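Written out below as structure tokens is the structure these notes cover.
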Amino acid sequence: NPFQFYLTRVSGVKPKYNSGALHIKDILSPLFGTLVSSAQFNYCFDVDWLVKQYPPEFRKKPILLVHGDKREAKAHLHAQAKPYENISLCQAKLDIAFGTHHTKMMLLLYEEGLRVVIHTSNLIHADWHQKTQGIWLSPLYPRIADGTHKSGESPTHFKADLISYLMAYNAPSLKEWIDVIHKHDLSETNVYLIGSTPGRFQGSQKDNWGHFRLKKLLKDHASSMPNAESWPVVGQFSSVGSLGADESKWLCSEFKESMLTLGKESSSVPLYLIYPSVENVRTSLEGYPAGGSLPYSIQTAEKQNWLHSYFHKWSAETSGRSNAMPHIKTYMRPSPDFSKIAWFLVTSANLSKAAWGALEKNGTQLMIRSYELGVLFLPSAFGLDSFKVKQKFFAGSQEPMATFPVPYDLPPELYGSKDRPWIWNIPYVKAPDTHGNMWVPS
Ligand SMILES: O=C(O)c1c[nH]c2c(NCCS(=O)(=O)F)cccc2c1=O
């Protein structure tokens with residue numbers, strides 16, 4: 162299949178729904194390459210667990226952990242890694258308040274070449290156990306021969322763009338990986354990189370990151386169609402930031418405006439936001455503990471009740487994952503009848519100004535707090551004008567190269583009048599979950 166978009170394996174669903182899913186043990190398998198060295202970019206790490214996911218024969222190969230922890234949290238991570246002499250750490254600089262290192266990425270250097278994995282899971286058991294998570298697997302990139310001068314660049318500029326993303330860390334351990342990437346041929350890559358890095362971006366640098374990066378790509382490499390105002394926008398996420406006192410402050414002004422962009426010419435566009443309801447969480451495979459990874463706080467939520475009228479339930483019969491709570495984040499542009507999509511993005515970025523960027527300085531500066539990373543699937547990069555939506559995620563479509571595996575159900579279903587968004591720091595004691603328990607936080 163052209164897209165190489167996968168979900169993680171879910172313990173408890175029928176094998177039909179894990180056939181073609183990937184566990185981390187599969188990604189690190191010798192079948193994928195003979196590992197020489199790896200970098201694991203992430204947010205949360207269980208290092209004992211992580212090393213056990215590598216094949217025994219690869220467990221002493223160098224590992225770089227790229228994280229954002231400071232102070233006591235950083236000390237804890239170093240203490241976790243100290244028993245393993247092959248593990249190095251890179252603390253990503255976070256010089257803007259309330260920023261985090263959320264990017265989930267593996268760089269896998271093999272004897273045979275290089276692989277890049279951009280995904281949505283933390284490196285802890287629970288993130289790969291019963292959650293809906295997304296993975297993009299790069300091709301096996303071969304090495305460029307000694308003395309050969311070629312770019313190794315793709316039509317999507319992915320090689321230079323990934324190097325640019327790494328350069329933003331200004332980190333010596335990552336300069337080594339930049340030099341590795343320089344030595345490999347990434348020309349087969351058919352996705353566009355969409356990253357966020359912390360900073361204040363003006364002028365040309367405005368278009369490098371966050372939602373302005375998405376806007377630039379959609380302007381340059383998608384085409385607008387008639388009735389485009391009728392093509393909805395869908396955002397699907399596991400956490401929500403403080404978006405302001407009403408939709409005009411950020412959500413429908415700059416954010417929706419970037420996501421509505423198509424082509425270079427110049433709103434009624436429906437906006438569907440997908441986020442688990444309390445009932446979604448309660449009846450999930452994990453029960454209420456799934457809400458431990460859906461960190462929407464009551465303090466934030468009570469300031470923006472206007473937002474919840476956009477909320478749609480999690481439903482994923484197409485991939486057998488309605489009870490596997492989402493930690494994947496996705497954004498896409500379906501047709502009015504949801505049979506086609508103009509593009510699809512899988513990313514670590516939740517629905518937050520910190521992740522996507524917020525305009526400052528009279529619209530001249532995009533301020534981003536966090537590191538985020540995703541990949542964008544555009545029909546033009548596959549020789550197509552649109553993608554047909556795959557009807558069943560794990561089935562055999564009549565044209566796999568034209569048919570994109572959307573992992574949850576369309577059309578999204580609006581919350582009912584009795585539904586509420588999952589808010590993780592208030593109690594739920596009216597009905598027990600699938601393990602017989604209530605939710606009593608703090
Ligand atoms: O990007 C990610 O993978 C994630 C980032 N942060 C998370 C938090 N954040 C701390 C509470 S917070 O109120 O300070 F946001 C709690 C639970 C899960 C995640 C998570 O899964």
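Count the sequence shown with the authors' numbering and you get residues 162 to 427, 433 to 608, in order.
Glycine included, C-beta positions come from ideal geometry on N, C-alpha and C.
Nearest residue (CA-CA) to residue i, options the options
i: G486; options: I257, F166, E538, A182; result: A182
i: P303; options: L275, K175, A521; result: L275
i: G549; options: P316, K311, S312; result: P316
i: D368; options: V595, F553, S325; result: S325
i: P244; options: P387, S312, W210; result: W210
i: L511; options: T530, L544, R535, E526; result: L544
i: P502; options: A524, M386, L323; result: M386
i: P500; options: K558, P393, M420, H290; result: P393
i: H263; options: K596, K254, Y271, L270; result: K254
i: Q363; options: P300, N528, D187, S348; result: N528
i: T350; options: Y178, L301, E390, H280; result: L301
i: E273; options: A258, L378, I296, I305; result: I305
i: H493; options: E452, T484, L525; result: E452
i: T169; options: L268, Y204, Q291, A406; result: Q291
i: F166; options: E579, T569, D585; result: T569
i: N203; options: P191, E218, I224, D187; result: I224
The beta strand (DSSP E) enclosing residue i, as first and last residue numbers
i: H280; result: 275-280
i: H601; result: Premise fails: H601 is in no beta strand (DSSP E) and is neither H nor E.
i: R361; result: 360-363
i: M328; result: No beta strand (DSSP E) holds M328; the alpha helix (DSSP H) holding it covers 319-328.
i: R499; result: 495-500
Close Cβ partners of residue i (< 8 angstroms) along its chain, the five nearest in sequence each way excluded
i: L238; result: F206, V208, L226, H228, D230, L250
i: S505; result: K554, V555
i: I464; result: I589, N591, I592
Inter-residue spacing [alpha-carbon to alpha-carbon] between residue i and residue j
i: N516; j: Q252; result: 22 angstroms
i: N489; j: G308; result: 53 angstroms
i: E538; j: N331; result: 16 angstroms
i: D256; j: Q397; result: 28 angstroms
i: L327; j: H286; result: 27 angstroms
i: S443; j: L298; result: 30 angstroms
i: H318; j: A547; result: 11 angstroms
i: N471; j: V541; result: 31 angstroms
i: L189; j: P216; result: 7 angstroms
i: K495; j: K221; result: 32 angstroms
i: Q564; j: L335; result: 42 angstroms
i: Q294; j: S282; result: 6 angstroms
i: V606; j: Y454; result: 10 angstroms
i: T195; j: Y271; result: 5 angstroms
i: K344; j: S481; result: 43 angstroms
i: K377; j: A383; result: 10 angstroms
i: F559; j: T484; result: 5 angstroms
i: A520; j: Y497; result: 17 angstroms
N-terminal and C-terminal residue of the alpha helix (DSSP H) that residue i is part of
i: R220; result: Note, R220: premise wrong, no alpha helix (DSSP H); not H, not E.
i: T466; result: 464-467
i: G371; result: 371-382
i: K417; result: 417-421
i: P333; result: 333-343
i: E233; result: 232-242
i: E565; result: Here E565 belongs to no alpha helix (DSSP H), and DSSP marks it neither H nor E.
i: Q214; result: 208-214
Proximal residues to residue i (C-beta, below 7 angstroms), its chain only, five neighbours per side dropped
i: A456; result: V447, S450, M491
i: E426; result: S385
i: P598; result: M604
i: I185; result: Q214, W289
i: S391; result: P502
i: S434; result: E390
i: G523; result: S357, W370, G371, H372, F373, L532, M533, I534
i: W338; result: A200, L268, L327
Chain-order list of residues whose beta-carbon lies under 6 angstroms from that of residue i (same chain, five-residue window excluded)
i: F477; result: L439, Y441, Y581, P587
i: residue 634; result: The chain is shown only over 162 to 608; residue 634 falls outside these bounds and no answer can be derived.
i: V595; result: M604
message: Would you call the segment 570-577 in contact with the segment 404-412, where contact means no fewer than 3 C-beta pairs closer than 8 angstroms?
response: no
- request: Determine contact between the segment 167-175 and the segment 196-204, defined as no fewer than three beta-carbon pairs at a distance below 8 angstroms.
  value: The segment 167-175 vs the segment 196-204: no contact.
query: If we count Cβ pairs, one from each stretch, closer than 8 angstroms, do we get three or more for the segment 390-403 versus the segment 353-364?
result: no
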